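Report on the structure
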Amino acid sequence: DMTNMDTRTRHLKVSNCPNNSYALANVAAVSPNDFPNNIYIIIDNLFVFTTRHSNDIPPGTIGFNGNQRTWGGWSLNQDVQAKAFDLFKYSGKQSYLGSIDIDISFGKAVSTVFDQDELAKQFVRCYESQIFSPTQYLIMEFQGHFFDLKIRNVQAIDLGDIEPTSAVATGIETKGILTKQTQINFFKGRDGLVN
Amino acid sequence: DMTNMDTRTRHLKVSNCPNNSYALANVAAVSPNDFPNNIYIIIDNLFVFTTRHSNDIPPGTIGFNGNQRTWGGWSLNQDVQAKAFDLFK
Amino acid sequence: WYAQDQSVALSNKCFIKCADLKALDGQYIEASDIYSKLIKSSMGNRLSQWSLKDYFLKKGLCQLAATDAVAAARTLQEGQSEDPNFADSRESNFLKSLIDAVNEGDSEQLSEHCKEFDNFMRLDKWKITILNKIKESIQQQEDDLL
C-alpha cells in the first residue's frame, strides 16, 4: 500500500550482507529507522529492491549481497541515493510480469536435464511480490546446489491482457511484480553448463 | 526401546546442519519436546534417521546435512513430513 | 611525527613497516589506507618510483584479502592510469591476474599465478600470507557454498 508513504531520497552507504538468509531473500537489508519492511525502493533511479529490517545494520547504511553489488557496480563503503519506488506510479499499467527469462548457472556441475518448473516454483516462492528488472544477478539454493540466476529479459504487461501484446523488453526500465502466472523461461547459465 | 512412541506425523523444515560435528554424527538433531532420544524416525516413509536430543534446534524443526538433502533432492527451508519408524515389523 | 618534521623518507619507511604489520595482523582496510597514503606521498618522485610499483600491488592485495574485489580493481586501475612504470610492470599484471582468478573463484588458477610470480620474482612472506589468506577465503567461500 503506497497511497501514503514518503519518497524522500536517503543517502545510504552500501555494506556487506549480514547473513545468507537476507541474500537468499533478494532484499536490501536496511535498518528499521532507515525504511519500513517489505517496501520497494529504487537506488540511482535504476535498481529496485525490497527492504528488509536488520538490526545488525546501523542507520545510514544499506546492506546488499554480492550479486546485487556486482549488478549495481558499487564498491563496499560507497554512497548511494535511495528513494521509495512506486511501480504503479512509475510504469502506470505495465506493472506485472507476462514472461520472465532467467539464466540459471551453477566445479560441482551436473549435466542432467533440469526441469524448469521446480526452479520456477522455488524462485517464485522465495521472491514473490517483488519488483524485478532485467539483467539482475541473484543467488538461489536448489537440492543442495547453489545457483546464480541472471534475469535475461522482462516482458511487462498489465493485469488484464488476455493476449500478451507487450514486446519482450531487455531494458532495465521495464519492471513488473512476480506472480504465479508469469511465463517463466530458463536457459543456460552464466556458466553455460546447466542443461 | 522403540515399543512405545508417538507416531504422529509432523511438518518439519529443512535447515543447514547445526555444525560439522552433527553432520558427522548422522543423527536427526531434535528438541526434547519433539521426540525421545536415540530412536529411529522415518521421513516421507523413505528416509530413516536416528534422533538425538539437541537444544539448539527449536521444537518443530529438523536439521539436515548436505548429504541428506542431496539424497532427498531437497532445497533449504523445504517442508517435509516426519513420522516414527520401526524396522523390525 | 616525521610528517610533522617534513622528513619525507623517514615517514615513508615507517609507513611501509606500519602497513606491513597492520596487513599481516588481519587489519586489511587500514593497511590499504596506509598504502594509499604511501602512494600519495611517493607519487611524482623519481627516487621512490620502485616503491610505488610495489605499493599499488600491496594495496590491491590488502583490499582483496578484505573480500572487496572491486577495491583491488580500482587500486589496479589507479596504478595503471597514474603510474606509467607500474602500468607496464609485472606487478600490475600479477594484480590483474589475481583479480581475475578471484573473480572466477578458481583457486587452481590462483595457485598457478602465485607459481609464475615466484618463477621470475621470488615472493616475500608478507605477500605469501596475504595470498594464502585470499585462497583460504576461497575455501571459506567453499564452506559457505554448502
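Sequence-order numbering is used: residues on each chain count from 1 as written, possibly diverging from the entry numbering, and only residues with coordinates are shown. Chains and ligands are labelled by the order in which they are written, letters from A for the one and numbers from 1 for the other. A larger assembly contains the chains shown, yet all values here describe just the shown part. Excluding hydrogens and water, the side-chain values take into account all heavy atoms of the structure.

**So, the overall build of chain A**
Our working definition: Helical segments are the DSSP runs of H or I of at least four residues, strand segments are the runs of E of at least two, and each set is numbered from the N terminus. For each residue, the accessible area found with a 1.4 Å probe, counting protein chains only, is set against the maximum for its type, and the residue is called buried under 20%, exposed over 50%, and partly exposed in between. Accessible surface is estimated by sampling points in the Shrake-Rupley manner with a 1.4 Å probe; for residues, cover comes only from the protein chains shown. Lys and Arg are tallied as positive, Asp and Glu as negative. Neither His nor the chain termini are counted. Each charge is placed at NZ for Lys, CZ for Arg, CG for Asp and CD for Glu.
Regarding its fold elements, chain A presents 4 helices and 12 strands. For chain A, the residues scored as buried account for 49% of the 195 residues in total. When the accessible area of chain A is evaluated, it comes to approximately 9,600 Å², of which 47% is carbon and sulfur surface. Of note, chain A has its 17 positive side-chain charges centred 4 Å away from the centre of its 20 negative side-chain charges.

**With respect to the overall build of chain B**
To keep things clear, this is the line we draw: The atom set for the radius of gyration is the C-alpha atoms, and the globule formula is 2.2 Å times the number of residues raised to the power 0.38. Contact between two residues is taken to exist if any of their heavy atoms lie within 4.5 Å; hydrogens are not considered.
Each helix and strand counted, chain B has 2 helices and 5 strands in total. Reading chain B from its N end, one meets helices and strands in the order β-α-β-β-β-α-β. Relative to a compact globule of 89 residues, whose C-alpha radius of gyration would be 12 Å, chain B shows 12 Å and is just as compact. In terms of overall dimensions, chain B has C-alpha extents of about 30 × 25 × 20 Å along its principal axes. Counting only residues that meet the buried cut, chain B has 39% of its 89 residues in that class. Sequence-distant contacts, at least 24 apart, represent 69% of the contacts inside chain B between residues at least 6 apart. Accessible surface, chain B as shown: approximately 5,300 Å² in total, 47% of it carbon and sulfur. Side-chain charges of chain B comprise 7 positive and 7 negative groups, with the mean position of each set lying 3 Å from the other.

**Things to note about empty space enclosed by the protein**
Residue and element names in this part refer to chain B. The criterion, for reference: Points on a 1 Å grid over protein atoms alone make up a cavity when a 1.4 Å probe fits among them but cannot get out, and a pocket when they form an open set with protein on both sides within 12 Å along at least five of seven lines; lining residues each have an atom within 4 Å of a point. Grid points are joined across faces, edges and corners, and a volume is the space filled by probe spheres set on the points. Amino acids are sorted into nonpolar (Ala, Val, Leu, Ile, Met, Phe, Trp, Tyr, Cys and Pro), charged (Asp, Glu, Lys and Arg) and polar (every other residue, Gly among them).
Considering only enclosed or pocket space, the largest cavity measures out at about 60 Å³ in volume. Lining the largest cavity are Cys-17, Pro-18, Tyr-22, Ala-23, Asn-26, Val-27, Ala-29, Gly-63, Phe-64, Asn-65 and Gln-68. If you list the elements that add at least two residues to the lining of the largest cavity, you get helix 1 (20-25) and strand 2 (27-30). Looking at the lining of the largest cavity residue by residue, the class counts come to 7 nonpolar, 4 polar and no charged.

**Some details on the packing of helix 4 (residues 69-82) of chain C against helix 6 (residues 90-104) of chain C**
All names here are of chain C. The following threshold applies: Fitted lines through C-alpha atoms serve as axes, helices being fitted only where they are in contact, and the angles separating the N-to-C directions of these axes extend from 0 to 180 degrees. Convention used here: angles under 35 degrees read as roughly parallel, angles over 145 as roughly antiparallel, angles from 65 to 115 as roughly perpendicular, and any remaining angle as oblique. The crossing is said to be left-handed when, going from far helix to near helix, the turn is anticlockwise and less than a right angle, and right-handed when the turn is clockwise.
With their axes 10 Å apart at the nearest point, helix 4 and helix 6 run at an angle of 160° to one another. With respect to helix 6, the axis of helix 4 lies roughly antiparallel. Remark: the crossing between helix 4 and helix 6 carries left-handed chirality. Of the residues in helix 6, those in contact with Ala-69, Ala-72, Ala-73, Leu-76 and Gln-80 of helix 4 are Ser-92, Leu-95, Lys-96, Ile-99 and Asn-103. Taken together, the residues that form the contact of helix 4 with helix 6 break down as 6 nonpolar, 3 polar and 1 charged.

**What about the sheet that holds strand 3 (residues 40-43) of chain A?**
Residue and element names in this part refer to chain A. Worth spelling out the cut-off: What makes two strands pair is DSSP finding at least two bridges between them.
Spatially, 1-5-2-4-3-6 is the arrangement adopted by the 6 strands of the closed barrel, whose pairing is mixed. The sheet shows a mean angle of 45° between the axes of neighbouring strands, taken without regard to direction. In this structure, strand 1 (residues 10-16) lies alongside strand 5 (residues 61-64), joined through 4 bridges in parallel fashion. Bridge pairing in strand 5 links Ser-15 to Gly-63.

**With respect to helix 4 (residues 116-126) of chain A**
Residues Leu-119, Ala-120, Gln-122, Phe-123 and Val-124 of chain A constitute the buried set of helix 4 of chain A. As for helix 4 of chain A, its buried residues are in contact with strand 7 (96-105), strand 8 (131-132), strand 9 (137-142), strand 10 (145-157) and strand 12 (183-188) of chain A.

**Thoughts on the sheet that holds strand 5 (residues 79-84) of chain B**
All names here are of chain B. Read across the open sheet, the 5 strands follow the order 1-5-3-4-2; overall the sheet is mixed. The two strands at the open ends of the sheet, each matched to only one other strand, are strand 1 (10-13) and strand 2. On average, adjacent strands in this sheet sit at an angle of 45° to one another, irrespective of strand direction. Bridge count between strand 1 and strand 5: 4 bridges; the pairing is antiparallel. Looking across to strand 5, one finds that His-11 is bridged to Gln-81.

**Let's talk about the layout of surface pockets**
All names here are of chain A. Quantified by volume, the second largest pocket comes out at close to 260 Å³. Around the second largest pocket, the lining is made up of 14 residues, and of these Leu-97, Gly-98, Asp-158, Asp-161 and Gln-181 lie nearest the centre. Residue contributions to the lining of the second largest pocket peak at 3 residues, all from strand 7. Its residues assigned to classes, the lining of the second largest pocket shows 6 nonpolar, 6 polar and 2 charged.

**A look at the interface of chain B and chain A**
Rules: By convention, the term buried area covers the 1.4 Å-probe accessible surface removed from two parts as they join, with the contributions of both added. Salt bridges are counted wherever a side-chain nitrogen of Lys or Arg sits within 4 Å of a carboxyl oxygen of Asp or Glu. Contacts described as polar in this section are N or O atom pairs within 3.5 Å, which, within protein, must combine one atom able to donate a hydrogen with one able to accept it, while residues neighboring in sequence count only if both atoms come from side chains.
With 8 residues of chain B at the interface, the matching set in chain A holds 6 residues. Between chain B and chain A, the buried area comes to about 590 Å², and carbon and sulfur atoms account for 42% of it. Ranking the residues of chain B by area buried against chain A places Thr-70, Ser-75 and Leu-76 of chain B at the top, with a combined share of 59%. The tally of links from chain B across to chain A stands at 1 salt bridge. A salt bridge links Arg-125 of chain A to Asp-79 of chain B, with the nearest nitrogen and oxygen atoms 3.4 Å apart. Counting across the chain B and chain A interface gives 4 residue pairs in polar contact. Here the residues of the side of chain B that touches chain A sort into 2 nonpolar, 5 polar and 1 charged.

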